[PDB]
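> Begin with these chain(s), straight out of the complex:
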Amino acid sequence: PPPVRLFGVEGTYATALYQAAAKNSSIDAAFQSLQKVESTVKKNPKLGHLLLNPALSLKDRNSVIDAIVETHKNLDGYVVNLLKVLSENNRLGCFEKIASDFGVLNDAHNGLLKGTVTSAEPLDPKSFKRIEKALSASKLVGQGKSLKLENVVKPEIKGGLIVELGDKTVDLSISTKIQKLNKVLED
Amino acid sequence: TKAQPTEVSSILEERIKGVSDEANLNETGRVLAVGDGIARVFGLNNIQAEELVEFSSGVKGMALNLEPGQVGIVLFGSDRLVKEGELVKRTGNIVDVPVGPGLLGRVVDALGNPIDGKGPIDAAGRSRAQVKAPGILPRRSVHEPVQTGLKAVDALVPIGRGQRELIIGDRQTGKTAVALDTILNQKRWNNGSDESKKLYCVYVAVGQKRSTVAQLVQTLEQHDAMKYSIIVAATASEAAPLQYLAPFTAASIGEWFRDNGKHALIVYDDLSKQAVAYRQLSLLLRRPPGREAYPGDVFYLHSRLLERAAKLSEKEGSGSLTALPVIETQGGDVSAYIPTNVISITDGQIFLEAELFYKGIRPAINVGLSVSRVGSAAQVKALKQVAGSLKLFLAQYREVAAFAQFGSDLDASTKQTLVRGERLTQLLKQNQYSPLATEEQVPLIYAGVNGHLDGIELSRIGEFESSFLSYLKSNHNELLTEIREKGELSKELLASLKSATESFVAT
Amino acid sequence: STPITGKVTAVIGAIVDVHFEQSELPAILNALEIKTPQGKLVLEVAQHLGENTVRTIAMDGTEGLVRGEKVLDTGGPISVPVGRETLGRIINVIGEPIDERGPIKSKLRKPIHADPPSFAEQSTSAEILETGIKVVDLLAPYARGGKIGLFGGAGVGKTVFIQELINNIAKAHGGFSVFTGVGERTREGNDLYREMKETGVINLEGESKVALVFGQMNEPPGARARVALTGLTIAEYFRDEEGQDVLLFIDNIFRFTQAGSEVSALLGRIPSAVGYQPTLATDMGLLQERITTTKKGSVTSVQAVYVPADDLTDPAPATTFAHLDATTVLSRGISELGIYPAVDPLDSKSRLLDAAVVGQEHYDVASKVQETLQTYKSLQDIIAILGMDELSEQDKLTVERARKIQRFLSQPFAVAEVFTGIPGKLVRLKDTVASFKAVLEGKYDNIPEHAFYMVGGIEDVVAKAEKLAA
């Protein structure tokens, strides 16, 4: 079956798009065209960011689609069928949802991996780079699989660190150790 | 957001590819949810409601749910045969059965396959599963008797051609046997002639085991009556949709007789099993269920079924389908939804009580709750005359008998009632497989009602009855001939009968 | 103008969903017609569900509906025909001439959804109908423009009681009547048609002082629901527009409740108590409120109610019990006692009985009756074990009187010259009060108990005493 089975909430639509356009081989193209229309949707503020949510007709929904495909003369044709589907199912709220999901599948085709290095505060770039190197060096990142690593600020955790990527994490935090210390001195 | 029937990834992926249903799916469709003997197919965009769909596995399934998604075809098949992703091809016919006269002497399953293997049925037509009941104007008032040859039934709740009377009472307390007796007494006219006095008999057995059915056919063949009987069967094993479909197609078979202007009688054993079947069906078509889990429109189904039997107008001959519904009462609880519903629909109740069977009253009829609303409109005139105060005696007996056990003082007047009452009850009792002619029920009832049995001791009442009949057969066989021929007791007959009773009550 | 085209989307029993043309939804309670091989199926719009997809209830069978089948829109509430030539016709739910004396000669048509009268219009009368039936006259007098209620169980000759009422009051009264049968059996139907053809209340050339709406239980539950509505509009036409008196009869209103209950599930409404529709109260209310005596007409409904297993506690009977003006309970026991009327005197109670409305004498006489019977019931427990032993002489006279009264109430019905074969007896109200007064005074306590049984007035009781004497 096609790489990465997500099957989200209306992510079966994304899956469908992925596999259908994967056999067209125009997934990068599709993704790019989808991104371009998604961006111009995001930069369309009245409607589709203020009537992102529906209340429109079938016919009016269709006419909203016609304006959307009026803006782009490069819009593939599988995502023009996807637009049709979304119009017909009268979902537009799962427009960005599908975009994100198709993106995950797409970047799975690309083989880009994602990670996160939550910390209390944002840290040094030297640390970021050393960790990125380390993670790529480690078997955790496979070869032919790229690494995207995002440091995030998670002041919710005070002190400590957690490295996260490929749903496998190493958590060397202060909080857990403090917890354990406390617990053991409540023994 | 929400689940949608087009979520299915194969449908969905075709839509992305700009591929469409292409209208082949106006008459074909691809299975995609199946299991539990219920399928839902995508396609069939033209499809009559209630149509029969020939599954490409080869099964037939009626279609009862039509959704803009997936039309829900209730399979008549078996799961193991069926496979998912199959194509289904529309029969193009709303459910229909072969109907004729050749069904006489045939056990047939729901789809009309002779399961007794008497080979091809000579069916003079096909009919449709639901056929609307004839109009108010298309009825004629009922007046023609139907008799089971059981004195209690005939006397207390007389049945007429084109009536619905509900046999209700505790499960498998030989419930069936009460009905079978009717078939047996219908031997006398059937063997004879007079078409309007012949009731062809259609016994419908739903939910019953093959062994039960086999016993029934054995008894019917033993009493040689299978010839005028039709047995429509849907055994317990056979599909719940087929069980649901079975009464309505039994009705159609009956309607051919009725329509032809001939009179017939349909026994529906057991409608309770129809309800269970419709329950299964409904809950796997996932409509929200009615109280007691039986579907919310169970009444509509049952009501339409029962109202399709009656006596037609003189315009339409006056062929009468007569019905006897039979409802099993679980723990004798009539407050139960299915019993409540049926009670309203039917034109009589023939309440049976289990305790009275053990008490020795067999047939055990709970005569207080047994009613025939139409009543003695169709009752034989002679039998009407004699049994006029039979109700009063029994009703008085019921009250008096209750008091007597609560240790209240008893006078001669109460003991007159007690003596009379005891004899009447004993008079009513009859052994299974013994229907008795009206000509020989009228004397016995005369004797009882005219109080001569009060004298005769309770133990030997059965002896008296047997001997009395023999005596009348020997001597007052002229009297019997007259009762048969004129069906009314003239003054001469009443006097003759009184004298006859006295002579045999004098031993 | 241009019928909104609808395409069926889902046939899910009676519920049939249609997909009307965009930017135009036929309003809730409208009537859609779909031409079908069997007439025109009428679908009553009952919800809007979104994007011009409605959910409607069928009023005729749903066989052979092809998905996406063109649906014309009539554009408004199911409109029957009304007129004075609707009298003596059998008219089905969607207003078809099932009279079978050919097409009804329409004057006007009216919708079957109409808002009940306002508080201001309603004017409360206080006049007494009398049926000549002893139990009714003494213990629960009926009142002009009333809402009489025949609560009782299964087959207590419910129809038979109504037939007796039709025999007496309807034939007598000059007003119109409307006979409405909701889920009546076709056996009962044929009898009613024949019976009122025979009594000439339906005169086949002559004028008819009754109209018929025979609703058959084989008709879909949805259609069964709006049999009632149809009947109401005919009555409204009489009450208002013809400005005459009416004398509505509906049978059986448990079927009306039941019908709504069935389609409740299909409408997707969460089951309420004992599986009844959650809209039970308001639906009952619309029916009951529609029937009233306005500044204009006056309508006397007699509504049969089937009380499952005589559980009046059952919420559907209990709700109806409140809404009806002049309750009468007919219990099984009384039938079994052989007393026909089956009216249970203790449980039949009408607030029309007053010492002003029927005067002090009538009231006092009835008060004595009520006490006598209630005592008798109380004494039943003592009599059961102890017998007539601990009882006083006074108690013994009361017991004897109660038995005499019990069987004095017994009176044969004219329509039970077939179901009992005894000539019917109707005794005028004043005469009944007098005759009962005598009994209570004990002026006829020398008369045998069975010489009160199943006979009319005092003259008759005395005559049956003479008969027994001989």
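Structure received. Numbering: from 1, shown residues only, chains lettered A, B, ... in the order given.

> Identify the residues contacting residue B:340.
Counting by CB atoms under 8 Å, 6 or more residues apart in numbering or on different chains, residue B:340 makes contact with B:334, C:308, C:309. For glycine as for every other residue, the C-beta is placed from the backbone atoms N, C-alpha and C.

> Quick check on the second one: phi, psi?
Taking degrees, to the nearest 10, you get phi -70, psi 130 for the backbone angles of residue C:308.

> in what helix or strand does the nearest residue to it once chain neighbours are set aside lie?
By the measure of CB to CB, 6 or more residues apart in numbering or on different chains, the closest residue to residue C:308 outside its immediate chain neighbours is residue B:340, 5.0 Å from it. Using DSSP states H and E, residue B:340 sits in helix B:337-345.

> any idea where the helices of the stretch 351-470 of chain C begin and end?
C:359-385, C:393-406, C:429-441, C:458-469 (DSSP state H, counting those that start in this stretch).

> deepest of the ones you listed, which one?
When you average the neighbours per residue for each of the helices of the stretch 351-470 of chain C (mean count of other CB atoms under 10 Å in any protein chain shown), helix C:429-441 leads with a mean of 18.

> counting contacts, what elements does that one pack onto?
For helix C:429-441, the packing partners by 3 or more CB pairs under 8 Å, 6 or more residues apart in numbering or on different chains; DSSP states H and E come out as helix C:134-139, helix C:359-385, helix C:393-406, helix C:458-469.

> do you know which of those helices lies nearest chain A?
Shortest separation from chain A across the helices and strands packed on helix C:429-441 is recorded for helix C:134-139, at 60.8 Å, computed as CB to the nearest CB.

> If you drop the residues flanking it in sequence, what lies closest to the residue in the stretch 201-350 of chain C that chain A sits nearest to?
Nearest residue of the stretch 201-350 of chain C to chain A, counting by CB to the nearest CB: residue C:268, 20.7 Å away. In this structure, residue C:268 finds its nearest non-sequential neighbour in residue B:288, 6.8 Å apart by CB to CB, 6+ apart.

> For chain A, what lies in contact range of chain B?
A:9-10, A:12-13, A:15-17, A:19-21, A:77-78, A:81-82, A:84-85, A:89, A:91, A:93-94 (CB under 8 Å from any CB of the partner chain).

> Filter these down to the buried ones, PyMOL style.
A single PyMOL command is used to select the members of the residues of chain A next to chain B judged buried by 16 or more other CB atoms under 10 Å in any protein chain shown:
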select buried, chain A and resi 10+12+13+15+16+17+19+20+21+78+81+82+84+85+89+91+94
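
> quick one on the thing from earlier: possible to save the contacts of residue B:340 as JSON lines with distance to residue C:216?
Converted to JSON lines, the contacts of residue B:340 look like this (distance: CB to CB, whole Å):
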{"residue": "B:334", "distance to residue C:216": "25"}
{"residue": "C:308", "distance to residue C:216": "21"}
{"residue": "C:309", "distance to residue C:216": "24"}
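
> and chain D, same structure:
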Amino acid sequence: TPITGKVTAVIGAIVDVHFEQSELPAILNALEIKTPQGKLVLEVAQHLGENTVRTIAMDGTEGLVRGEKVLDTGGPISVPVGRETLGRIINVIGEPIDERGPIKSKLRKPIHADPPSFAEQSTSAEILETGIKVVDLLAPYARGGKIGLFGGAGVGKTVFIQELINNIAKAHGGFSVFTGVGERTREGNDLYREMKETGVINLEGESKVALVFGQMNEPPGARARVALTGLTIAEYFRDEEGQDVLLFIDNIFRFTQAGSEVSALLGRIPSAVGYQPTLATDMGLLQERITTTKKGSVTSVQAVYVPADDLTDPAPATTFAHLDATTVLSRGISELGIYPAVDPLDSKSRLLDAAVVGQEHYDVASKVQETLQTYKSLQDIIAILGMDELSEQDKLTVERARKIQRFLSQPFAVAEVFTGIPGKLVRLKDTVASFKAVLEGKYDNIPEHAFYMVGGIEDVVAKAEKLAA
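Now chain D, sitting on the chains shown earlier:
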């Protein structure tokens, strides 16, 4: 087959597979997931589409890792049948748990099977005697019959059945099947031990009873298909061997119960009480696969653990349809101390016809029924007021009935230990005689306790002398 899938979900023991192939197992096919626990057998029950079947799991699902390899075994699992299944205890899957090593067989037959047709039937009428007096009087067994025992443990469900095995199956020469669904393990071990002791199994010697045992510890799904497995073994005997068969099923409430458990998980709106909407159909299939065909006569015995003795619960109700004799045994009568504890006004047989057991027998039985019903009727009056405040006629009736009740107590032979009274076996011809006498009150003149816990009429007399001493 190289048709494989992965485990998408493990929602209870109703695992869901995702067949990644475009070839899909058919419904009622069987799949094996190979585990370090051995194998797990699953059986396809739904296709949910998108190439995801939903499968009943015959064994426990502890430890399953999602995505694990599924491999398709294909079709209903086929158990192994033969004479080499005689005297073997086989697991649900079929593995011999009596450890006589792998059962070699000729024919392996699919667990699911279709029930014999209406054409293929044979109507029995032959009385089969039990030697239990109450049974003989009220509702005698019949060869090929389907007899049923209602009432839960609280009658000692097993104890009644054990007596039947002891009596009937020592005189039965044909094959015999005990299939015990949800049978409490120690009791099953006892049965196996007893059978070997009574030589009906001999593990060096011959056997002529075969065993299928499903313990109540077994996961619900396993319990659901224990019955179907047993029915296959039975079909081989009934059909292929042709030899007459006995069959015992204990407990078929557990069969229903197992179904009721799976139903919710399967995705069904549960019908009344909680039973599966497919309760009737499921009951239908099982009970029409035990019929007496022209190929063979199989006497079947069904044991229903009536939940709290509510017969109104739908599962006991649906059992009544498929039985030709019933012997409902009541907790009340158990409290009265009567073993056998069979309720006498709640027993029935189609074989109680007067042309079957003879008019004299029927008349005798009739009088008992009437007498006992009177006795039950006057229970109210008796409790509220004394028996000396009953009618003269009635006090005799009551006294007779009190004797009849005690008379029905027959010492049990298999519960000879438990009762502590040496068992009895009383001939049917003898039974008719004994009751005839009692009804004529011939020997009624001696203690009611003399009628208590004894065999034949002669025994009552002797024990009266014993009591007199």
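
> picking that back up, distance from the chain centre to the helix holding residue B:340, please.
Chain-centre distance of helix B:337-345: 14 Å, with CA atoms, centre = their mean, to the nearest Å.

> Can you mark which positions in the helix or strand following that helix are buried?
As assigned by DSSP H and E, the chain's next helix or strand after helix B:337-345 is strand B:348-351. Buried residues in strand B:348-351, counting neighbours by 16+ other CB under 10 Å, are found at B:348, B:349, B:350, B:351.

> Spit out the contact partners of the third one.
It stands for residue B:350. By CB under 8 Å, 6+ apart, residue B:350 lies in contact with B:153, B:157, B:165, B:166, B:167, B:168, B:178, B:365, B:370, B:372.

> now do the first one
Listed by CB under 8 Å, 6+ apart, the contact partners of residue B:348 are B:157, B:159, B:163, B:164, B:165, B:166, B:370, B:371, B:372, B:373, B:374.

> Could you list everything the second one pairs with in the sheet?
When you say that, I think you mean residue B:159. Beta-bridge partners for residue B:159, by DSSP bridges, are residue B:146.

> closest to residue B:6 among the buried residues of strand B:348-351?
residue B:349 (51.1 Å; CB to CB).

> where does the one residue in chain A that gets nearest to chain C fall, phi/psi-wise?
The minimum distance from chain A to chain C, using CB to the nearest CB, falls at residue A:59 (5.0 Å). Here is the backbone geometry of residue A:59 (degrees, to the nearest 10): phi -70, psi -40.

> Please identify the nearest residue in space to it, excluding sequence neighbours.
Nearest non-adjacent residue to residue A:59, counting by CB to CB, 6+ apart: residue C:22, 5.0 Å away.

> what's the answer for residue C:73, then?
Nearest residue to residue C:73, sequence neighbours excluded (CB to CB, 6+ apart): residue C:4, at 4.2 Å.

> quick one: that neighbour is in a strand?
No: using DSSP: H, G, I helix; E, B strand; the rest coil, the assignment for residue C:4 is coil, not a strand.

> Look up how far residue C:71 lies from it.
Applying CB to CB, to the nearest Å, the value for residue C:4 to residue C:71 is 8 Å.

> Looking at the two, which has the bigger crowd around it?
Neighbours per residue, other CB atoms under 10 Å in any protein chain shown: of residue C:4 and residue C:71, the larger number sits with residue C:71, 24 against 21.

> tell me the contacts of the more buried one?
So residue C:71 contacts C:5, C:6, C:7, C:8, C:18, C:20, C:32, C:33, C:34, C:43 (CB under 8 Å, 6+ apart).

> Taking the residues you listed together, which two end up most distant?
Greatest spatial distance among those (CB to CB): C:7 and C:33, at 14.6 Å.
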